[PDB]
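A.B. asks: Starting from these lines, generate the structure:
(chains A and B, ligands or ions: 4)
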Amino acid sequence: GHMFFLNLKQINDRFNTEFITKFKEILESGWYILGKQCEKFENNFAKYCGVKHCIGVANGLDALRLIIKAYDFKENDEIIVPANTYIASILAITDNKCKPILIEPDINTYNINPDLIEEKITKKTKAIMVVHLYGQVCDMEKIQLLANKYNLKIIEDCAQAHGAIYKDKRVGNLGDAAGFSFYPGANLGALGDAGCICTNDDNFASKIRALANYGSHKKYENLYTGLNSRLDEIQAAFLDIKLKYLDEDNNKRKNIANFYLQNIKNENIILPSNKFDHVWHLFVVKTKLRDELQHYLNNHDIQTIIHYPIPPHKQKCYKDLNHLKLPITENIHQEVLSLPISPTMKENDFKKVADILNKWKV
Amino acid sequence: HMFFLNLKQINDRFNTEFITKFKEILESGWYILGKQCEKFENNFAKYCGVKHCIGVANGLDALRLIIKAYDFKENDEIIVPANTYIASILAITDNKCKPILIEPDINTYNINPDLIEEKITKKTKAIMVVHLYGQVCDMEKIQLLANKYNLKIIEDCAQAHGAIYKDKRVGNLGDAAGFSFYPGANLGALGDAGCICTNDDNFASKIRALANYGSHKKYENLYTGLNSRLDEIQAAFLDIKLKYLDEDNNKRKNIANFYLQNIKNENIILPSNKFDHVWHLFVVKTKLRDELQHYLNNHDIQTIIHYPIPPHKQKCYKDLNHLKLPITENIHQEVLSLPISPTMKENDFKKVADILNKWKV
Ligand SMILES: Cc1ncc(COP(=O)(O)O)c(/C=N/[C@@H]2[C@@H](O)[C@@H](OP(=O)(O)OP(=O)(O)OC[C@H]3O[C@@H](n4cc(C)c(=O)[nH]c4=O)C[C@@H]3O)O[C@H](C)[C@H]2O)c1O
Ligand SMILES: Cc1ncc(COP(=O)(O)O)c(/C=N/[C@@H]2[C@@H](O)[C@@H](OP(=O)(O)OP(=O)(O)OC[C@H]3O[C@@H](n4cc(C)c(=O)[nH]c4=O)C[C@@H]3O)O[C@H](C)[C@H]2O)c1O
Ligand SMILES: [Cl-]
Ligand code: NA
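C.D. replies: Residues are numbered from 1 along each chain as shown, chains lettered A, B, ... in the order given. Ligands and ions are numbered 1, 2, ... in the order given. Shown next is the structure:
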């Protein structure tokens, strides 16, 4: 009777018979890499997102690295990016020897404040990486206009936001290219590492396929210096099984999130009231007594994880960014904690979380 | 047709254990960095006779991460065979190091140790040896050069799982080793897979971190790392098959001996095994290579070339295209790989040799 932050066994148990059937199918095929399962999943995910092309790759960090690589930007080219995202977003930029330009989020969305972007555009700016953090779509309209004004690419980091909708389009189809994680804890999660890239652009999709296959378009030839970043047939099959339920799963997460938003009332806690569509990958509360809170919940047998306690600019791997004054970002990092949420989470369990938080006197 | 490498035949031996372990993983609810990875790494370490194994995502990553971990300066030089698979070279260029390409010995298909020293400079930091097609490289002189010049030895073991040199396995012949477990490798996964082996405690720890976003500890990033991990599922399939690896290699040894004792065609140069050879690939050499591939295909025998375009001649490496590497070039024009796999049937290998003997040009 410890309540786990995210019980993947529970989430995945509904599909066990299907997983096994597809695994046996793959065994029958004797094809485990770049086969029918990958094609099939790609086609179905591209349809889900409303895009022309989907390329399965190895994980969500590789998805962003590849996208950036394929644009073939110059050394020290600038990519604008929220300061409060998960570090992988920044790793993708610096791996490619681009310079990240870190922008404060809006305190009431946790996503990049669009009104703070233009002042930081320079003649070296080549792209804006938006991140739909925690499951909430970014307010894209201003960002798309800005990108057009200054001839910049929009790269969406969709790792946290599978299926969210801005006005008339899905996340994934709000920019020039989109990277997804299908890490097992994602809203659409694999049974292993996995990711993809989405795009409408024919040439970019062909370049990405090559770049993810050693740089080889054609057996024996390497047009580019590429890398090995592929989505295994088995993970593709698992993903495709689960994709048929993703809209349903997300709406169920919405139901749970709305219960929390409506039932948790504590002067010590700021709830993540959404300003745009939110698929609630993470249900993030904010409190001045965050470490006290995590211990309190642990004492009542409720497991929590912080997303996140150290922001990228303050990591030891980025000592050249440590000086940056980003107080909204820093404050968020000091105050946030994520509460358990999943599409299969039991009523007793979410009822318990709300009740226990309401009783909390700090 | 006869397939070049029939992975269904190779993997069928293990279906019931694969499905059992798959179900075990499902029951565990854990798919990344769990007990299956730990177990496989511990066993593969024991198998190579090394202290540490780090499961990573594929053989290129394995090499990229070893070089990344050394923290070489831009344009630092890495000595490497000119005739290896391009991924060996990609690992070096990805790290902004300069590949210094050395001709192989025609009698080994491996880097000629006698051609190394003359290419060492103040910028040389490493030698990447490749144990090509399954044969261990003649390390005696390479180790002496590495000691003399304070160079790292990086082994690319993607084609030579389990090969032996003196008292040691490939993987334990240098500072650090990368392996592929791509499904066609002598130990193959059902998906992309790799590992790194080393004896150095600090380096092993650094590699773990660098392959997990640069994080040693949850929430913290010491290094600007990558995501390159060996899935639980794959680790489990690997560990099931590892118990049969020496047996599988010996089955290859048998087929290669059949070929060697039975193919007698003046148009074909057969491979030799000067040192231990696990025969990942059984590479013949002819001036009429395209002709032979087509002839074999007419006779329902599938073959692949390893390889027909060398790294320096590739479009991606335009700045290398002018390099004069005639031994490597001639090998690329003339080599063809024959079907060999541990489960290959007697009638199939007999047919390959009979058909080669009948090739009359
Ligand atoms: C904005 C953004 N961009 C790019 C990326 C990069 O994508 P990637 O390369 O695919 O990681 C991320 C990754 N983002 C996530 C990141 O948010 C973080 O998430 P986390 O919630 O801290 O992850 P976790 O604690 O490992 O797992 C969450 C829960 O799930 C349980 N679990 C987990 C596993 C693996 C299991 O097998 N069984 C379980 O029961 C344990 C936990 O309760 O770390 C991950 C490793 C990244 O993939 C991102 O947020
Ligand atoms: C020295 C050296 N260093 C680093 C590396 C990099 O390692 P990596 O990143 O793990 O690839 C290699 C890779 N080396 C190999 C390289 O030699 C080459 O091998 P190849 O024999 O041309 O490979 P292939 O034709 O894709 O597969 C071989 C046969 O297996 C059949 N098959 C294959 C698959 C995937 C399947 O699912 N089912 C099948 O039935 C088809 C073919 O008949 O290309 C591969 C992609 C690399 O992993 C190397 O040789
Ligand atoms: Cl004929
Ligand atoms: Na993988």
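A.B. asks: can you map out the strands along chain A?
C.D. replies: A:53-57, A:78-82, A:99-103, A:125-131, A:153-157, A:165-166, A:169-170, A:177-181, A:195-199, A:283-286, A:336-339 (DSSP state E).
A.B. asks: Partner strands of the third one, with direction?
C.D. replies: With DSSP bridges as the criterion, the sheet partners recorded for strand A:99-103 are strand A:78-82 (parallel).
A.B. asks: Spatially nearest residue to residue A:238, not counting backbone neighbours?
C.D. replies: residue A:191 (5.2 Å; C-beta to C-beta, 6 or more residues apart in numbering or on different chains). Every residue, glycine included, has its C-beta placed from N, CA and C.
A.B. asks: Next, that neighbour: phi, psi?
C.D. replies: phi -110, psi 50 (degrees, to the nearest 10).
A.B. asks: what about residue A:325, neighbour count?
C.D. replies: 8 (other C-beta atoms under 10 Å in any protein chain shown).
A.B. asks: Then residue A:78?
C.D. replies: Around residue A:78 there are 21 residues (other C-beta under 10 Å).
A.B. asks: still on that earlier bit, dump the residue contacts of the residue nearest to residue A:238.
C.D. replies: Contacts for residue A:191 (C-beta atoms under 8 Å, 6 or more residues apart in numbering or on different chains) come out as A:12, A:19, A:184, A:234-235, A:238, B:25-26, B:31, B:231, B:233.
A.B. asks: where do the helices sit along chain A?
C.D. replies: For chain A, the helices defined by DSSP state H occupy A:8-13, A:16-29, A:36-49, A:60-71, A:87-95, A:140-149, A:202-211, A:233-243, A:246-263, A:290-299, A:327-335, A:347-358.
A.B. asks: Save those helices as CSV, and put in mean neighbour count too.
C.D. replies: Formatted as CSV, the helices of chain A follow (neighbours: other C-beta atoms under 10 Å in any protein chain shown):
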stretch, mean neighbour count
helix A:8-13, 17
helix A:16-29, 16
helix A:36-49, 19
helix A:60-71, 27
helix A:87-95, 24
helix A:140-149, 16
helix A:202-211, 19
helix A:233-243, 25
helix A:246-263, 16
helix A:290-299, 15
helix A:327-335, 17
helix A:347-358, 16
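A.B. asks: Nearest to ligand 2, out of those helices?
C.D. replies: helix A:233-243 (7.3 Å; C-beta to the nearest ligand atom).
A.B. asks: The closest one: how far from the chain's middle?
C.D. replies: Computed by C-alpha atoms, centre = their mean, to the nearest Å, the chain-centroid distance of helix A:233-243 equals 18 Å.
A.B. asks: before we move on, what about stretch A:213-225?
C.D. replies: Mean-position distance between stretch A:213-225 and its chain equals 29 Å (C-alpha atoms, centre = their mean).
A.B. asks: how about that stretch: buried residues?
C.D. replies: A:213-217, A:221-225 (16 or more other C-beta atoms under 10 Å in any protein chain shown).
A.B. asks: what residues does the stretch 51-200 of chain A put near chain B?
C.D. replies: A:58-62, A:87-88, A:91, A:94-95, A:183-184, A:190-193 (C-beta under 8 Å from any C-beta of the partner chain).
A.B. asks: before we move on, back to that, can you tell me how far the residue nearest to residue A:238 is from ligand 4?
C.D. replies: 11 Å (C-beta to the ion, to the nearest Å).
A.B. asks: Where does the record place the domain boundaries for chain A?
C.D. replies: Using curated CATH domains, the domain parsing of chain A gives A:1-103+A:110-245, A:246-362.
A.B. asks: Distance to ligand 1 for those domains - can I get that in TSV?
C.D. replies: TSV is the format used below for the domains of chain A (distance: least, C-beta to the nearest ligand atom, whole Å):
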stretch	distance to ligand 1
domain A:1-103+A:110-245	3
domain A:246-362	5
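A.B. asks: which residues sit in contact with the closest residue to ligand 2 within the stretch 251-362 of chain A?
C.D. replies: Proximity of the stretch 251-362 of chain A to ligand 2 (C-beta to the nearest ligand atom) peaks at residue A:317, 25.2 Å away. By C-beta under 8 Å, 6+ apart, the residues touching residue A:317 are B:214, B:221-225.
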